[PDB]
Amino acid sequence: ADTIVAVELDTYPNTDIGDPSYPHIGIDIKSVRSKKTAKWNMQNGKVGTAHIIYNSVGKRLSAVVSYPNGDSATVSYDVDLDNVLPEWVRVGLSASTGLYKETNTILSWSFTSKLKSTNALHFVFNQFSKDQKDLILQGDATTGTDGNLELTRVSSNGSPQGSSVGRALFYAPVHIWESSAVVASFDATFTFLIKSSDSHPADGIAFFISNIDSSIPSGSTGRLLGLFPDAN
Amino acid sequence: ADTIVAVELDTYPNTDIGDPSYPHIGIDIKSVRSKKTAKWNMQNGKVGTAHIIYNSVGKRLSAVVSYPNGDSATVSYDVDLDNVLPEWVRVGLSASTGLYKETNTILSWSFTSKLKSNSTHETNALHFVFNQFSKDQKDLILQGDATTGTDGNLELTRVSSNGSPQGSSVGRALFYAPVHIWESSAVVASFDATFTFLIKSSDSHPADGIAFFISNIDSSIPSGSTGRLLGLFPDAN
Amino acid sequence: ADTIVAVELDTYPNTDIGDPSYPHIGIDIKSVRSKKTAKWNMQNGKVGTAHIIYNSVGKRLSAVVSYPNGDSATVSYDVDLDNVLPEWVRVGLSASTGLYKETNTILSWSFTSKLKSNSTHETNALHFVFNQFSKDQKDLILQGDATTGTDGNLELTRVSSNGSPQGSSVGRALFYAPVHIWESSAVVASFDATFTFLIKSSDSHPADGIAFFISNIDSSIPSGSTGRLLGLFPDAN
Amino acid sequence: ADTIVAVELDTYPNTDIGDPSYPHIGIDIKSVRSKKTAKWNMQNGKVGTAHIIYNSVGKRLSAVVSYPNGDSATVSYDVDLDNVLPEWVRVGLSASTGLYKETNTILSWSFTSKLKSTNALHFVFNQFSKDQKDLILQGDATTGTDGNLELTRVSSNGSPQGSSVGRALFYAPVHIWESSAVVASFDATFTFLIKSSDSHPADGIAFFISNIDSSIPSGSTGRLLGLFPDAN
Ligand SMILES: O=C(O)CCCc1c[nH]c2ccccc12
Ligand SMILES: O=C(O)CCCc1c[nH]c2ccccc12
Ligand SMILES: [Ca+2]
Ligand SMILES: [Ca+2]
Ligand SMILES: [Ca+2]
Ligand SMILES: [Ca+2]
Ligand SMILES: [Cl-]
Ligand SMILES: [Cl-]
Ligand SMILES: [Cl-]
Ligand SMILES: [Cl-]
Ligand SMILES: [Mn+2]
Ligand SMILES: [Mn+2]
Ligand SMILES: [Mn+2]
Ligand SMILES: [Mn+2]
């Protein structure tokens, strides 16, 4: 299967597959069952920002999600990603809906990777284009004329569809670690707008790092967030 | 045919096709016959650096090539690249040899492109830096004779196991991702590129040179573009 | 007297001292009488963005000012700033009012300077960004009437507690550290600057404008430089 | 007194004031007695590189020192620097000699600080100037025409002086934390050349963060590294 490291913004508690009983942010290391989670108050219709940070020295993957009123949730997990990820990867954003739904709109996304022994890759999207040639769109993900990336399906009356899954990966492979590097670090930021009129929103948005040839696993809508073939 | 904007470091004067009679740097807009050149002293076996700069406000494409002893050459050309380039491009490095030959070794390469707009840090950007190349450089598209090695360099043209450059060689490296080089709503579109290189020859004369280029995304080496055509153009027109 | 290079966003036409008869952006080299101007439509109460670009290879100082509806003005001037500026400078923002007045509110300001040389990433650089200013902005030198506030903005000229701008006001903000704007061994010296601004007036006419400037490190507001002199120059010469 | 957070490259073991018995890198939080150390093989006459990394999310101050042959030492310490440092600071490099000596030559220094809620400061010195107007030199520190920063005294026959102490601080104050920031991060890199013909080199080099008005404490040569008035 694919190899997956992901930071999940989990809006729907599936407390039978390891979720806590409450919306959360979690650090996923090769399993949808987060190694680490923190309670997250999602603010319906508000623009949130997620920051993800890691370096090979501290060996701590950290993430924080916040809203303009200052409320925020943070989670960190100690892990040496040299022993998890392949040397070359692709980086992306993933989202899904299931029986409940939400918009999974990305307003911006930036990523930086550095190997210092410097080699580096940095991209910033503050506005997306209709035909975004440096993005690989998988599943239901589209870019529009409003400058945003819709990861899951939306009807032309701006209503989110259910049972939807979509991804956006940066076109170029990324050299995420190299043995001779004294420092391998990466950081990513994205802003998002999750809006729902359901009685509960679902299922969430994730930033993920995968094998270069990663594709949406069969049957990964809903609680699997377009990342994992199963809940193991 | 491809669309090509390029900065050439031209080591061999082909005066029959518009070259000045002396090694030179030039700005190539859709033709190997540079719109603008400057005399260039290539220092055999020394590591040189080339810097390339452009922005949509000044609409002046500039380049300077320098060596550690301080000598440098510069060329600038006024051009609105919105009227030349496709909206999406690939960026790359190209080099060739012909009847004369040289190593066309790249030791490092960086590139930045930015689109800035109406408010600020409504910004799209792409930046990459290679200060060491790896054997399997997955974010580079190698064409023709170009290879990357475990010595950390990019050899654009063929070299023998004994380090000797070969003639009638052509090769290029393109960054893997397409680049959004202009966009109509942006107020500023800028790019900049730097590479360092080691051109060394024992021939009666070095040839043919190295170029930084920007092309349509599906650009490939034109057939027969060794020698004076630098792997960029199908003819000397 | 100070040495001043500036990009002016000039809201009030002082045709008696060389202004065109219409609001404009201009490039000021040691004089308030711009070497180059372009007609500029200031949009009262809208947030505008100014971008300023220069590098030592093209030796073209460029600037563009734009608003959210898409309208923009641009000006460029060919000049070798090595022959104008001291090796070390301070960079800043300046604004003034006179018989007419306007808010001269800065919402954000960024600046990058780079010296690149013989090999590569033998690079010296300075980069700062303010997207929010604080009450006690310790890395800014405020002169004249300039203040920073808890609304996150920099008010270059005086405003009343009821939000109303005042006349006969002048103020500036300089980044605290000196900047090494050129160095003889560098092959490339570049700088770039961006700021966003909100100019709003209820007067019969707004005046006088905002400038991005580069000065000697010990530059101070010239006496009597309110109004048409924009806090930059001691006279209209 | 001053407030000091520092990463020390400690070439001389003062095992009576807390040093381990062997050259080390350590994380100093308001005391020369490092909260955390790691054994460090200093390579006489070789150019080393030090990287220092921190962010307010993971709350882990990390540092790594390496040489071109790949040998390296790393240390990390969990600390929330919002509770240690004043909001505004100056950042600098410090070095000293005592009864034993070494050159304390800085070949380059870069620093980046960001507040994301972005405000940012970044400077890079890959070559120093004779009159470096954006550096505050304290004590014996000088910049030369060879492009380097000599933190401690050197005779005109390139021999390092003893009982020497000097510092270089960046001219502008740095806004190192702000309450509303979702992410406050900083990173610093410097390259250095420590060379000695003594029978033991001493005393070391540190990257430090201080109150804006920090100055060399009286009697901080030797084992105090120009940072602390005493060994408490
Ligand atoms: O542009 C990026 O993606 C990096 C900066 C993140 C960012 C840019 N603008 C913001 C407004 C609110 C919260 C976060 C941000
Ligand atoms: O230039 C800086 O200070 C940041 C990069 C650090 C760095 C630049 N060149 C190197 C060679 C060896 C080891 C580290 C480096
Ligand atoms: Ca869930
Ligand atoms: Ca030729
Ligand atoms: Ca005027
Ligand atoms: Ca010691
Ligand atoms: Cl399952
Ligand atoms: Cl031909
Ligand atoms: Cl006058
Ligand atoms: Cl003591
Ligand atoms: Mn979950
Ligand atoms: Mn030519
Ligand atoms: Mn004017
Ligand atoms: Mn110690």
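Below, read A as the first sequence line, B as the second, and so on, with proteins coming before strands; counting in each chain starts at 1. No hydrogens, no waters, no symmetry mates; every other heavy atom, side chains included, goes into these values.
Interatomic distance, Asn153(C) CG to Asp151(C) CG, rounded to the nearest 0.5 Å: 4.5 Å. A distance of 14.5 Å separates OG in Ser180(A) from NZ in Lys116(A), rounded to the nearest 0.5 Å. Atom CG of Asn44(D) and atom OG of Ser197(D) lie 8.0 Å apart (nearest 0.5 Å). To the nearest 0.5 Å, atoms CG (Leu227(D)) and CD1 (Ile216(D)) are separated by 9.5 Å. We find the CG-CG distance between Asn55(D) and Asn55(A) to be 8.0 Å, quoted to the nearest 0.5 Å. Note that the OG1 atom of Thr143(D) and the CD atom of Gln127(D) stand 12.0 Å from one another [nearest 0.5 Å].
Across all their heavy atoms, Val47(D) and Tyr67(D) have their closest contact at O-CD2, 3.4 Å. Annotation for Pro13(D) and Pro20(D): closest pair CB-O, 3.3 Å, computed over non-hydrogen atoms. Scanning both residues, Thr11(D) and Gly204(D), for their nearest heavy atoms gives OG1-N, 3.6 Å. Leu224(D) and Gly219(D) make their closest contact through CD1-O, 3.5 Å (heavy atoms, listed as atom of the first residue, atom of the second, distance). When all heavy atoms of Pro201(D) and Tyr100(D) are compared, the pair lying nearest together is C-CB, 4.4 Å. Counting all heavy atoms, side chain and backbone alike, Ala168(D) lies closest to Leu149(D) at CB-CD2, 3.7 Å.
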I would like to know whether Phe191(C) and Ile181(C) meet side-chain contact (heavy atoms from CB on, under 4.5 Å); could you show each step before the answer? CA-CA 8 Å; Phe191(C) 65 83; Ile181(C) 207 69; 3.9 Å; yes

Step by step, would you call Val84(D) with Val5(D) a side-chain contact (heavy atoms from CB on, under 4.5 Å)? CA-CA 8 Å; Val84(D) 177; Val5(D) 171; 3.6 Å; yes

Could you walk me through whether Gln43(D) and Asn69(D) satisfy the side-chain hydrogen bond (donor to acceptor under 3.5 Å, both in side chains) test, starting with their C-alpha distance in whole Å, then the side-chain angles of each, then the deciding distance to 0.1 Å, before giving a yes or no? CA-CA 10 Å; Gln43(D) 296 178 26; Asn69(D) 80 340; 3.1 Å; yes

Go through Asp78(D) and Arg60(A) one step at a time and tell me if the salt bridge (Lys or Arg N to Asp or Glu O under 4.0 Å) criterion holds. CA-CA 11 Å; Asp78(D) 289 340; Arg60(A) 176 166 305 171; 2.8 Å; yes

Are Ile25(D) and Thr37(D) close enough, and set up right, to give a side-chain contact (heavy atoms from CB on, under 4.5 Å), and what steps lead you there? CA-CA 6 Å; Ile25(D) 55 157; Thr37(D) 60; over 6 Å; no

List the steps and the verdict of side-chain hydrogen bond (donor to acceptor under 3.5 Å, both in side chains) for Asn157(D) and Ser159(D). CA-CA 5 Å; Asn157(D) 56 292; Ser159(D) 180; 4.7 Å; no

Using the side-chain contact (heavy atoms from CB on, under 4.5 Å) rule, take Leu193(D) and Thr103(D) through it: C-alpha gap first, then chi angles, then the decisive distance, then the call. CA-CA 7 Å; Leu193(D) 191 158; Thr103(D) 63; 4.2 Å; yes

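One N or O on the side chain of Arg90(C) and one on the backbone of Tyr176(C) form a donor-acceptor pair closer than 3.5 Å. For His122(A) (side chain) and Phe111(A) (main-chain N/O), a donor-acceptor pair under 3.5 Å exists by modelled atom type. Not a single donor-acceptor pair under 3.5 Å links the side chain of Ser129(D) to the backbone N or O of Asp131(D). Although no hydrogens or angles enter the test, the distance criterion places a donor-acceptor pair under 3.5 Å between the side chain of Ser31(D) and the main chain of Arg33(D). Judged by distance alone, the side chain of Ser96(D) and the main-chain N or O of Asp203(D) form no donor-acceptor pair under 3.5 Å. Side-chain atoms of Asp198(D) come within 3.5 Å of backbone atoms of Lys101(D) as a donor-acceptor pair (strictly under, hydrogens ignored). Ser113(A) contributes no side-chain N or O that, together with a main-chain N or O of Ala120(A), makes up a donor-acceptor pair within less than 3.5 Å. Looking only at distances, a side-chain donor or acceptor of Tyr54(D) sits under 3.5 Å from a matching main-chain atom of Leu81(D). Without hydrogens or angle criteria, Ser94(D) side chain to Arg167(D) main chain gives no donor-acceptor distance under 3.5 Å. For the pair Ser56(D) (side chain) and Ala184(D) (backbone), a donor-acceptor distance under 3.5 Å is present.
Atom NZ of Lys114(C) has 12 or fewer heavy atoms from other residues, nucleotides or ligands within 6.0 Å.
Test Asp19(D), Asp16(D), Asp10(D) against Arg223(D) for side chain to side chain contact (heavy atoms under 4.5 Å, CB included) and you get one pass: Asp16(D). Only one option out of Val65(A), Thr189(A), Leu61(A) pairs with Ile52(A) in a side chain to side chain contact (heavy atoms under 4.5 Å, CB included); it is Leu61(A).
Side chains of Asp230(D) and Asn232(D): a donor-acceptor N/O pair is present below 3.5 angstrom, by distance only. Between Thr191(D) and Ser108(D), the side chains place a donor N or O and an acceptor N or O closer than 3.5 Å (distance only, hydrogens not considered). In this model, no donor atom of one side chain and acceptor atom of the other lie less than 3.5 Å apart for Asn126(D) and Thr123(C). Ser164(D) and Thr152(D) share no side-chain donor-acceptor pair at under 3.5 Å. Side-chain polar atoms of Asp134(D) and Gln132(D) form a donor-acceptor pair below 3.5 angstrom. One side chain, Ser62(A) or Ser76(A), offers a donor N or O that lies under 3.5 Å from an acceptor on the other. When only modelled atom types and interatomic distance are considered, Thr97(D) and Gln161(D) share no side-chain donor-acceptor pair under 3.5 Å. Using modelled atom types, one finds no donor on one side chain facing an acceptor on the other under 3.5 Å when comparing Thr142(D) with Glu150(D). With no hydrogens or angles considered, a side-chain donor-acceptor pair links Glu8(A) and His24(A) at under 3.5 Å. Side-chain atoms of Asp2(D) and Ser214(D) include a donor-acceptor pair closer than 3.5 Å.
Between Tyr77(D) and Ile29(D), some side-chain heavy-atom pair lies under the 4.5 Å cut-off. Side chains of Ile209(D) and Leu85(D) form a contact here, defined as non-hydrogen atoms less than 4.5 Å apart. Residues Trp177(D) and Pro86(D) form no side-chain contact, since every pair of their non-hydrogen atoms from C-beta on lies 4.5 Å or further apart. Looking only at side-chain heavy atoms (C-beta outward), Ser218(D) and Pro229(D) stay at 4.5 Å or farther from each other. Here the side chains of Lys59(A) and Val79(A) are not in contact, with every heavy-atom distance at 4.5 Å or above. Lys138(C) places a side-chain heavy atom less than 4.5 Å from the side chain of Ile212(D). The side-chain heavy atoms of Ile27(A) and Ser34(A), taken from C-beta on, include no pair separated by under 4.5 Å. In this structure, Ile205(D) and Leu151(D) have side chains that are in contact, with non-hydrogen atoms separated by less than 4.5 Å.
Aromatic ring pairs are classed by plane angle as parallel below 30°, tilted from 30° to 60° and perpendicular above 60°; the pair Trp109(D) and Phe207(D) is perpendicular. Under the 30°/60° scheme for interplanar angles, the aromatic rings of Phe130(C) and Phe133(C) are found to lie parallel.
Annotation: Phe175(C) is in aromatic contact with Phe128(C) [ring centroid separation under 6.0 Å].
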